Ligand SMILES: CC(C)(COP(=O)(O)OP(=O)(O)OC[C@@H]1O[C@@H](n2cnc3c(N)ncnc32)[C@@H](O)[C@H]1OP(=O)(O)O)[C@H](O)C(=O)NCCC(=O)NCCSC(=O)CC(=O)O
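Shown next as C-alpha cells: one chain only, the form solved without the ligand.
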C-alpha cells in the first residue's frame, strides 16, 4: 500500500565536518526517556513516479546533506553512559548518516489531508522509525532524526520527520527546517541561508550543573541502557484523527466573553482561550472525575539573562491546571477553564521572571482520570515550510496517538487561526465533533 522505493543514508558532504560533540543541559536531560516525535508535512502537486525519482529523490538527498553540515547534531546520536558520572551527550562521528526512506503510497491523498475523522493508523507508515540503537561496551547510541518522503502518484508528497526530543525543542526543529527548505528552494545551495538565514548557536550558555545532575537522577540514567526499548506507532486501531478550527473571529468572541465575566483575570490570550475551549470539550466528552490540562512554554526569552532565539537544544518549560470535570462543562466551564489556565500561566511566568529554573503530589491530592498535554506552539510557522513545491496543504503530529496529547498550531491561510489535532477512539469522536461544533 506502502511501497519502499529506496532506503538511503544521507551524510554531510565529504570533507566538511569532523567529529563533533554537543554537551546537554537539564533542559535536554528531562527528555531522556521520551517517546519519539513524529510530524507529517503533506504537499499537493501533480507529480509522477518518474519525476519523483528523477529530481525529488536527488534534491532531498542533496539539500539535506548540505543542511547537515550546518546542523551536525541532526546527523549525530544520543550517547548515554552507564557510569552515573559521565553525562549523556550528542556525538557526531564521520561516517554517521541520516536514514532517509523514499516510498510510494497508493491511498488517495485527499482522504488524508482533510480535517474530518480519518483513521489514525493510516498515518503510521508515512512516518519513519527513529532507528535501531547501537549498543557498545561503554555506552548506548540512539539516532536523533530520521525522514520519509512518500509519493502519492499524480497527487503529491508527504514528508515524515521523526526526532528524539533530546535533539532539541520545537524552536530547534523550526530553525533546522527553515535552513533545509531555504537550501532546497534555492537549488541545493546554502548561499542564501549563510547570508540571510538564522544559524544555530551551539555555545553552551545554560550552565546549571547541579540541576543537570538532579534531572539525570530523576530520568534514571543508571538503568537507561537496560531499560531502553524502541517505541514506534503501529496499527491496527479504531482511533480516528480529526482537525478542529478556531478562527480569529471565534477566538476573539470567546476572549471577550472571558474579559467581560472575569475583568480582573490577569492573563488572557488567544492561546489560553483556545486551550480553555478545547479543555472544556474534553471535559464534556469524557464525563469523568478530575482532569489535568497542560502545555509547553518556550523559555528562551524569559531566561535570566535571556537566551538567543538561535540557541540550539531544549529550553522549554510547562504549565498545568487541574479541575474537577463538573466545573469544566458548558458555557461556564470554558470560563472556569480560562480562569485556571490564566492564573497558572501568570504564576508560571512570574516564577521565570524571578529566575526560578525548576518546575506523586497526585496520589495525595487526587489522581486525574484524564490528563492532556499540548504538543505545539502556534507561534512557530511550520505551515510555511516550502521545499520548492509550495507551502504544506496539511500538517499532522502523529505522535499525539501515543498518550494524553493534542496538537495546537496556527493554520496558514491565516496565522491568527488555530488548528487542533485530536486522535481518539471512534466511540468518542462522534460526540466530540458535536460537542466542539455545538458549543460554538
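Residue numbers count along the first chain shown, from 1.
As recorded in the PDB entry, how many deposited residues are without coordinates between residue 359 and residue 360: none, 1 to 3, 4 to 9, or 10 or more? In the record, 4 to 9 residues between residue 359 and residue 360 lack coordinates.
In the PDB record, does 192 to 200 or 175 to 183 carry the higher mean Cα temperature factor? Stretch with the higher mean C-alpha B-factor: 192 to 200.
What stretch has the higher average Cα B-factor here, 258 to 266 or 219 to 227? Averaging CA B-factors over each stretch, the winner is 219 to 227.
For the listed residues 144, 99, 245, 303, which one has the largest C-alpha B-factor as given in the deposited model? Highest C-alpha B-factor among the listed options: 303.
By the entry's C-alpha temperature factors, tell me which of 169, 288, 121, 213 sits highest. That would be 213.
Third of the chain's Cα B-factor distribution that residue 326 belongs to, per the entry: Its C-alpha B-factor belongs to the middle third of this chain's values.
Using the B-factor values recorded in the entry, state whether the Cα atom of residue 83 falls in the lowest, middle or highest third among the modelled residues of its chain. Residue 83: CA B-factor falls in the highest third of its chain.
Going by what the PDB entry lists, where does residue 337 fall on CA B-factor within its chain: lowest, middle or highest third? Lowest third.
For the chain shown, is the CA B-factor of residue 209 in the lowest, middle or highest third of its modelled residues? As the PDB entry reports it, the C-alpha B-factor of residue 209 lands in the highest third of its chain.
For residue 272, return the chain-relative third of its C-alpha B-factor as stated in the PDB record: lowest, middle or highest. CA B-factor rank for residue 272: lowest third.
Not pictured, yet referred to below: the form solved in complex with the ligand.
In the deposited bound form, which of 74 to 82, 137 to 145, 194 to 202, 294 to 302 comes within 4.5 Å of the ligand (heavy atoms)? The contacting stretch is 294 to 302.
Answer option from 253, 231, 369, 269, heavy atom within 4.5 Å of the ligand in the deposited bound form: By the 4.5 Å criterion, the partner-contacting residue is 269.
Contact residue in the deposited bound form, chosen from 185, 173, 257, 284 - any heavy atom within 4.5 Å of the ligand: Exactly one residue meets the criterion: 173.
The ligand in the deposited bound form: contacted by all of 42, 161 and 394, heavy atom 4.5 Å: Result no, not one residue of the spot touches the ligand.
Using a 4.5 Å heavy atom cut-off, state whether residue 321 contacts the ligand in the deposited bound form. Heavy-atom contact with the ligand at 4.5 Å: absent for residue 321.
Please determine whether residue 375 contacts the ligand in the deposited bound form, using a 4.5 Å cut-off between heavy atoms. Because a heavy atom of residue 375 falls inside 4.5 Å of the ligand in the deposited bound form, the answer is yes.
Going by a heavy atom distance of 4.5 Å, is residue 169 a contact of the ligand in the deposited bound form? Contact with the ligand, yes.
With a 4.5 Å heavy atom cut-off, would you call residue 165 a contact of the ligand in the deposited bound form? Contact check for residue 165: yes, within 4.5 Å of the ligand in the deposited bound form.
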